[PDB]
Amino acid sequence: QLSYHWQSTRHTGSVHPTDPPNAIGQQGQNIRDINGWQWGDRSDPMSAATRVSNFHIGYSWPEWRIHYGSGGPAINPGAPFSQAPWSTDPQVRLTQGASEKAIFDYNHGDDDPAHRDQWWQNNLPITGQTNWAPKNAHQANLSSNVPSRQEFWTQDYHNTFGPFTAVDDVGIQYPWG
Amino acid sequence: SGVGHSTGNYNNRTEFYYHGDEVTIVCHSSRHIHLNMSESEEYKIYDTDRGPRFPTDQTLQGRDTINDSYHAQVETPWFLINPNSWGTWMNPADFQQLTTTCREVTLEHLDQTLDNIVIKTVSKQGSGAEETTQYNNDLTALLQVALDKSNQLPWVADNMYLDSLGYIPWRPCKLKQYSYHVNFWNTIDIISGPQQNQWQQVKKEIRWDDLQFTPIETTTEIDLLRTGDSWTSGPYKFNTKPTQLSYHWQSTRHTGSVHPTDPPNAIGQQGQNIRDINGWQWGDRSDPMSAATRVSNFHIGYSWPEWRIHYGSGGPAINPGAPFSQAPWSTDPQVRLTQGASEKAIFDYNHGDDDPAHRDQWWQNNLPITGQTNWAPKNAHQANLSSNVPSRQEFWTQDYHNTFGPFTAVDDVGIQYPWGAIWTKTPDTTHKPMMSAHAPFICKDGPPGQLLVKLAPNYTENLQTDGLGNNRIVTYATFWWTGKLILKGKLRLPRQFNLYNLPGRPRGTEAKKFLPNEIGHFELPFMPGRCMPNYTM
Amino acid sequence: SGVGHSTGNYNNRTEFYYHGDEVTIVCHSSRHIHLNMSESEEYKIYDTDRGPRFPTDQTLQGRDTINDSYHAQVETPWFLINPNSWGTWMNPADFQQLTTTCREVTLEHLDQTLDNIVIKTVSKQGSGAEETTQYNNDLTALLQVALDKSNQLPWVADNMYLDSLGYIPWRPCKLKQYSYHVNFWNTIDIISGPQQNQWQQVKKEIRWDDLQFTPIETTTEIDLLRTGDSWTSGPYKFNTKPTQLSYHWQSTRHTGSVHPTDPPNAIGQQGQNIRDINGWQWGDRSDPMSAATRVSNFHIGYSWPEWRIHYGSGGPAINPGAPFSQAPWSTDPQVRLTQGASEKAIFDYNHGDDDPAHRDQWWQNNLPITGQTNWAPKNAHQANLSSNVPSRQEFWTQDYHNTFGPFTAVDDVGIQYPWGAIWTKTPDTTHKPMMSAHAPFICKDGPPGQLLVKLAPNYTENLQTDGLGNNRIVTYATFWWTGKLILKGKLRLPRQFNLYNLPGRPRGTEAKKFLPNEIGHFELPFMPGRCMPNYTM
Amino acid sequence: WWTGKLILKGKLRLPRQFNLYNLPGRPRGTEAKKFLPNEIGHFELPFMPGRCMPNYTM
Amino acid sequence: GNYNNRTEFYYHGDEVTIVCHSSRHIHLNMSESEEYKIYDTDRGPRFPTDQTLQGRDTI
Ligand SMILES: CC(=O)N[C@H]1[C@H]([C@H](O)[C@H](O)CO)O[C@@](O)(C(=O)O)C[C@@H]1O
Ligand SMILES: CC(=O)N[C@H]1[C@H]([C@H](O)[C@H](O)CO)O[C@@](O)(C(=O)O)C[C@@H]1O
Ligand SMILES: CC(=O)N[C@H]1[C@H]([C@H](O)[C@H](O)CO)O[C@@](O)(C(=O)O)C[C@@H]1O
């Protein structure tokens with residue numbers, strides 16, 4: 276594929292019912308009492324986050340997994356995605372989208388002989404499969420009630436690849452790939 | 033047809049044809065549609081608020097950020113006609129017939145028409161006291177019809193908000209405006225602050241530099257129809273796979289060779305597991321030859337960080353685990369165990385609730401599907417599997433790992449009769465999903481084209497650029513949608529000696545609930561779609 | 033079609049077809065047109081006032097007489113449907129596609145239709161307080177359509193006032209009345225009085241003895257259409273030349289043989305022009321062998337008394353010099369250098385401004401076109417060209433002469449995407465113009481015929497000769513224009529090793545400006561039409 | 512001298528939207544001179560993404 | 040043989056054909072030995088000699 280995909284699960288399918296804004300500064304207003312399919316036993320808060328979907332875009336992963344096989348440690352790669360939605364400070368470099376780095380030289384497209392050049396490929400356009408493991412959570416039940424402090428977990432680092440998952444590969448990386 | 037000739041008739045019959053092992057189900061559906069004038073003639077792009085219940089503070093430590101509805105969309109003057117839901121095509125007795133006589137079913141063909149277009153304008157004479165309303169036919173007014181057959185438009189016809197045509201043939205249907213998401217970022221950090229117990233917004237905005245805007249008029253050709261005019265979609269052919277009409281009760285402990293047992297000798301006695309036997313066992317385990325450590329070829333079901341919350345770009349979303357019944361763990365019926373990837377349909381009068389002005393709801397917990405039951409917190413793992421029992425360390429519980437793997441066999445949810453979607457579009461990504469979390473049929477090529485309709489604007493004599501709905505005669509339309517959906521099943525024949533439990537209404541329900549009352553209100557029953565036991569192996 | 037059958041459909045798609053070196057672009061456009069009743073049924077001849085800002089005195093010494101709008105015209109009850117503008121035929125992504133994949137493009141074919149005619153009358157009941165307005169279909173009323181295929185009518189469809197059909201497919205369009213100039217004299221002397229610093233009118237009047245009056249009814253046949261009726265133009269075939277989709281950066285100093293140079297030896301060093309060389313030089317100049325005095329075969333660009341004001345019969349008019357970029361002379365971005373024959377489009381909501389009630393404007397300065405840059409005040413001429421530098425006398429600056437001549441090579445402006453005209457009529461004179469100052473295509477034979485429409489008068493029961501609009505039932509119409517414009521391009525393939533700058537929005541603009549906002553307002557971007565560098569020689 | 516011939520088969524890309532695309536070009540923070548020969552003939556090749564343009568997933 | 044580094048594009052309908060010609064001038068020295076050799080290596084730069092980083096640098 277020569278295209279990048281911006282759609283996450285929240286970008287796909289039916290849009291949450293909204294009444295339009297009436298003027299230039301106004302935002303749409305999510306409708307409160309609506310019908311639909313929701314996950315678990317959840318009807319009171321009809322919300323886009325708990326809307327059922329057919330598939331799921333992207334998966335989480337123990338990012339920068341180090342395998343340590345026979346023959347030594349090796350990176351077990353997670354899926355490629357952009358960290359641009361989480362970035363904020365451009366000084367700190369978030370490497371976790373399975374980004375790659377090409378180190379190259381004069382014959383491979385560096386300008387200066389005797390010094391190697393390098394390009395960090397962070398995959399900035401690929402969003403919507405963005406899946407930073409530490410930012411996820413899981414809860415015991417999904418209902419009209421908010422779970423307590425226990426019953427809610429963060430920073431798990433599980434692999435969420437499964438039979439419902441749709442995910443893109445990195446694609447062509449032109450000079451060095 | 034001119035003005036005084038009908039352009040079509042009404043067929044809501046379902047027809048069954050049995051030949052050999054093959055059954056052909058022809059579903060005719062006809063609906064009378066009420067269409068108003070579009071609230072504006074403009075395409076609009078805007079984002080929204082968070083929606084009800086999203087936190088304003090850290091009282092719940094961001095656990096309630098799962099309530100986020102934030103999104104950005106491109107409003108479109110067009111209305112969507114979506115027949116993607118069982119109930120729009122089959123009444124309860126028809127679907128009962130389907131799930132009684134068929135072991136599996138596939139989609140084969142879809143045809144659609146629109147006809148008998150009536151467009152009226154409303155006139156209001158007199159002042160408030162003697163205000164009189166006149167409804168006049170506008171014989172030259174136009175209805176606009178766009179069918180996107182090439183699937184060039186964003187696909188939003190998944191029925192997840194139950195936008196589908198209504199389920200009961202004698203009531204009128206209304207339509208929802210077509211809208212789709214644009215590119216936005218909705219990143220929320222739930223581990224922000226010291227102690228990592230605070231939620232903070234990271235990026236919430238529309239991505240204009242990247243945004244995609246695809247109006248109907250420049251993407252598809254549009255048919256213009258007057259009152260004597262009719263419209264047909266032409267044939268659509270499904271390319272999909274059959275869905276199973278059975279539920280599977282077999283776990284890994286129910287499958288394959290049975291542990292050697294000597295029979296009981298009398299009525300109250302139980303079988304006695306044989307002690308010294310041969311066989312294959314996992315690890316280096318021979319002394320305790322036991323069914324639990326018997327080797328198997330495959331594994332039924334997988335565990336999962338159940339009710340996984342993803343928090344992607346665009347906000348949190350449930351990453352669904354596999355469907356299964358919590359009935360084996362239930363005990364107390366008061367507590368509701370939601371963890372089998374259960375779903376809940378919230379619906380209304382046109383979608384099968386009895387009372388107008390109040391919505392009804394059905395919690396689909398998938399009680400028959402056991403044996404892929406895999407509640408994460410109940411599992412364990414141990415360092416070694418041997419004749420020795422591992423110590424306290426070397427044994428772990430309550431892990432919440434994903435156990436999906438190359439040896440895994442697992443069922444999808446199957447048809448959910450009244451409210452469930454029928455088909456779904458395949459996402460265009462490098463790795464296509466292996467199975468669907470809700471819709472039983474995945475269209476390998478494009479799904480049926482989205483049928484979009486809009487009443488052409490009927491202007492007053494003074495057309496001002498500053499005006500919106502002022503220079504627009506108040507106009508509405510009624511017309512008739514008809515459709516034909518062909519299904520192909522395989523016949524179901526008895527595989528057992530004893531009696532089956534045949535499909536019927538849900539357990540705790542009485543027939544009167546699904547029958548018209550004094551004023552004509554009734555509900556449609558949930559029907560499982562995997563209604564009967566079958567062997568997995 | 034009778035009364036309840038549509039006479040046409042809606043296609044706004046643009047289609048691209050690539051075969052070998054040839055590209056075929058099929059532009060479908062459909063517009064919903066709102067037409068009122070003509071303000072009078074009479075042809076009128078009248079002249080005007082001077083217009084805003086024309087001097088009443090000698091405060092500015094007549095320099096502000098350039099503000100003259102005076103003219104005489106023959107008002108005509110007819111309305112013009114003019115599709116002569118990019119934007120009426122192509123959306124921004126389509127035109128981006130065109131200018132990315134095509135090195136040049138020609139016009140090939142034009143087809144037009146009118147259909148789905150709706151004619152309504154307005155009734156007003158009750159006194160002011162309870163005044164109620166009724167809109168009734170008049171099923172027997174007539175629309176008049178005249179296409180002048182023989183070009184017997186004065187051609188006024190040049191889009192210079194932006195009278196063209198609107199650019200965004202989902203909005204309605206209104207039409208301007210057809211009118212054309214009659215013979216008048218508007219001579220203003222700007223060197224009048226002692227000191228020759230005073231402006232005085234010489235002749236300002238209509239030339240009745242010579243005047244030409246050509247009404248529609250006696251010049252062309254007229255089609256009469258009721259609501260069930262449709263109209264087609266038939267095929268029109270363009271005879272024109274291709275327009276270049278590239279901009280040229282090469283001046284005479286950029287072309288041909290390079291001055292002999294020895295290379296730099298290291299990163300900070302510059303080449304060193306060789307001193308003693310052979311070659312051809314202008315005049316008797318050999319000692320200073322220099323690139324400036326190198327002989328060439330041709331000369332790129334010409335100078336001109338820039339912003340020439342003609343003051344003909346009928347008043348002052350700009351005599352345009354060649355288009356070029358002032359970017360090489362710019363420096364301060366605050367001061368705006370207008371002298372490259374730059375143009376300015378002033379436009380409104382239907383023509384691609386976002387805000388109703390306020391007009392927007394784009395100054396087209398032609399920044400990529402350099403190398404024909406020829407600012408008159410910066411040139412010079414010298415008596416002789418030799419090894420000797422001429423004295424103070426023998427050297428002249430700031431001349432403002434016209435340097436167009438037989439050795440001159442010069443580009444026209446090219447396509448100006450949103451607002452620019454497409455074609456133009458060739459003036460019928462002994463010497464045909466060599467090139468066009470604005471419209472990219474010059475029709476060698478007649479241009480597409482002017483499409484004129486007028487709603488037939490709907491009279492009351494009492495027809496009085498003294499009456500005008502009293503004996504005329506208030507009547508308006510809506511109908512649908514469709515058109516098909518076929519373009520033939522030549523494919524653009526990379527001529528260089530390095531990356532091109534591909535067509536996109538203008539420099540200082542953000543994508544949101546060209547995307548619908550909350551209420552649906554947006555602008556269309558200017559696209560240059562010469563978007564990419566190419567070699568001249 | 513090595514010579515080679517590699518044949519690729521693509522599918523054409525046509526506009527799926529009304530508005531303007533961002534067309535492939537050099538990376539964001541880079542200037543064209545970096546990818547052009549200098550006085551002594553040294554230059555770099557630009558990274559090009561290979562997924563360069565938005566498309567709908569569903 | 041001759042030298043062709045041209046890339047050629049051919050557009051027909053929905054199909055594009057891209058023909059990439061590449062030519063390279065190759066410099067080849069004599070092999071440093073004529074023998075096949077089997078050997079293992081050292082750890083490489085930055086691999087820990089001690090437990091200062093608790094083995095995090097064993098990557
Ligand atoms: C080809 C090239 O010049 N690469 C430059 C990269 C890229 O700009 C980024 O890696 C892109 O993500 O930046 C560096 O400083 C770096 O971070 O290693 C090295 C170098 O200056
Ligand atoms: C269609 C219908 O009437 N649904 C009823 C459901 C179902 O009995 C269960 O959800 C099945 O699991 O029960 C409810 O009380 C509920 O829990 O939301 C609502 C409603 O009374
Ligand atoms: C379409 C549009 O928005 N046009 C803008 C122009 C252009 O940026 C320049 O004219 C380009 O040369 O700038 C103005 O301020 C101006 O100078 O008249 C008006 C307006 O803001």
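Residue numbers (the entry's author numbering), protein chains in the order written: chain A, 276 to 452; chain B, 33 to 569; chain C, 33 to 569; chain D, 512 to 569; chain E, 40 to 98. Each residue gets a CB set at the ideal place from its N, CA and C atoms; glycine is no exception.
Query	Result
Paired residues, beta bridge with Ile378(A) - DSSP	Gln393(A)
Contact set for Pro388(B): own chain, Cβ-Cβ below 6 angstroms, skip 5 residues either direction	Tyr381
Heavy atoms of ligand 3 versus C-beta positions, residues under 6 angstroms	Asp392(C), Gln393(C), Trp394(C), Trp395(C), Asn397(C) and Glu555(C)
Residues that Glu542(D) contacts on chain C, provided the C-beta gap is smaller than 9 angstroms	The premise fails here: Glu542(D) is roughly 12 angstroms from chain C at the closest Cβ pair, so nothing lies under 9 angstroms.
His37(B), DSSP secondary structure in three states	coil
The stretch 194 to 202 of chain C / the stretch 275 to 285 of chain C touching (three or more Cβ pairs under 8 angstroms)	no
Stretch pair the stretch 397 to 405 of chain C + the stretch 292 to 299 of chain C: three plus CB contacts closer than 8 angstroms	no
Best match in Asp385(A), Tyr279(A), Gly384(A) and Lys410(A) for proximity to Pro560(D) [C-alpha to C-alpha]	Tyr279(A)
CB contact check: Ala441(A) to chain B, cutoff 8 angstroms	yes
Under 9 angstroms from the C-beta of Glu550(D): neighbouring residues of chain A	Ordered by position in chain A, no residue passes the 9 angstroms Cβ test against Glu550(D), which lies about 12 angstroms from the chain.
Range covered by the beta strand (DSSP E) that runs through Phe127(C)	Premise fails: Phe127(C) lies in the alpha helix (DSSP H), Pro124 to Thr133, not in any beta strand (DSSP E).
Proximal chain D residues relative to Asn123(C), where beta-carbon distance stays under 7 angstroms	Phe529
Chain A contact for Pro526(D) (CB, 8 angstroms cutoff)	no
7 angstroms Cβ cut-off: residues of chain C touching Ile299(A)	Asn549, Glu550 and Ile551
Same chain, Cβ closer than 7 angstroms to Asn168(B), neighbours up to 5 away in sequence not counted	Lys152, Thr153 and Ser155
Cα-Cα separation, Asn503(B) to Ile551(C)	17 angstroms
Beta strand (DSSP E) segments (min. 3 residues) lying fully within the stretch 394 to 447 of chain A	412 to 414 and 427 to 429
Where the alpha helix (DSSP H) through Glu550(C) begins and ends	No alpha helix (DSSP H) holds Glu550(C); DSSP gives it neither H nor E.
Continuous beta strand (DSSP E) assignments of at least 3 residues falling wholly in the stretch 41 to 100 of chain B	46 to 51, 54 to 68 and 76 to 79
Interface residues of the stretch 40 to 60 of chain C facing chain B [CB-CB below 7 angstroms]	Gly40, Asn41, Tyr42, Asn43, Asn44 and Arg45
Every unbroken beta strand (DSSP E) inside the stretch 174 to 258 of chain C [3 residues or more]	175 to 180, 208 to 213, 216 to 224, 230 to 238 and 255 to 257
Neighbour flag for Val421(A) against chain B, beta carbons, 8 angstroms	yes
DSSP three-state assignment for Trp312(A), whether helix, strand or coil	strand
Cβ of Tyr193(C) within 8 angstroms of any chain B Cβ	no
Contacting residues, own chain, Cβ-Cβ under 8 angstroms from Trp231(C) (five flanking each side not counted)	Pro87, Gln90, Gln93, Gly94, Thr97, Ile220, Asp221, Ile222 and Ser224
Pairwise C-alpha distance: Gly83(B) and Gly540(C)	36 angstroms
Opposing strand residues paired with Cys475(B) [DSSP bridges]	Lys457(B)
Endpoints, the beta strand (DSSP E) within which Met564(D) is located	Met564 to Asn566
Heavy atom of ligand 4 within 7 angstroms of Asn43(B) beta-carbon	With respect to ligand 4, the structure shown offers nothing to examine, as its ligands consist of ligand 1, ligand 2 and ligand 3.
Proximity test, Cβ basis, 8 angstroms: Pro84(B) and chain A	yes
Residue closest to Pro489(C), alpha-carbon to alpha-carbon, out of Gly34(C), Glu47(C) and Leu67(C)	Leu67(C)
Local Cβ density within 10 Å of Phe529(C), reported as buried at 16 or more and exposed below that	exposed
Neighbour flag for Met569(D) against chain H, beta carbons, 8 angstroms	Of the chains in the structure shown, none is chain H; the protein chains are A, B, C, D and E.
Backbone CA spacing between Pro124(B) and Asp460(B) [nearest angstrom]	35 angstroms
Contact with chain A by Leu556(D), beta-carbon distance below 8 angstroms	yes
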